[PDB]
């Protein structure tokens, strides 16, 4: 990760954890930290304090490898972006003053998605090129970036909560037939390609939410947060309801 060496990069942490660190640091204006985006591939989130209030700016990695905040100037990397904004606010509520450096003994938190994608890329390369040992190791380094998107967009298909073929009726039959604990969910594809449904049980009642991908290829429940992959959507909604009646808890297996 291009930002792993930055003392103010916290890795894959939540907004809550990020705000906790900024609070414990004094809540000074311009105080900021960088964390890995939980919604996009290779993105970051700039978290800063101003007027005793938190501001979170998602940083997207452009196709050409640069990084930029929505409507902002692109930069060749996360460090250069923070350096630029230290000098010129250029749209932010205030310039970046004083990085919230990681406390001694605290390292950046590894992302679960990155960790799982590693295994998947290895397996894909091994099955396709029939390589092993150092040979496999060299190949994964050479192929990883090229097959990255492919593995990420299809990662959901390997998760327990994904059901390749379930109608609304069958989905309800599975959710109702069990412990019926709040947050029990499953993801299923719909007839029209590009659309899926999130079905969860809350208060002995099953809710179904439509998920569709826009022209940009991003997924979302109508009027909701957008994600690069279905895996990220589900994982995000496990942390916060973000509009849902209740957040995702237990996965309803195969």
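Numbering follows the first chain given and starts at 1.
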| query | finding |
| --- | --- |
| Residue range whose averaged C-alpha B-factor is higher in the record, 108-116 or 85-93 | 85-93 |
| Comparing 95-103 with 135-143, the one whose average Cα B-factor in the PDB entry is higher | 135-143 |
| 188, 191, 39, 218, ranked by C-alpha B-factor: the highest one | 191 |
| Options 167, 128, 153, 181 - largest CA temperature factor per the record | 181 |
| Third of chain Cα B-factors occupied by residue 206 | middle |
| Residue 225 by Cα B-factor - lowest, middle or highest third of the modelled chain | lowest |
| Ranked against its chain, the third holding the CA B-factor of residue 199 | lowest |
| Within-chain third of residue 157 by Cα B-factor, per the entry | middle |
| CA B-factor ranking of residue 52, expressed as a third of its chain | highest |
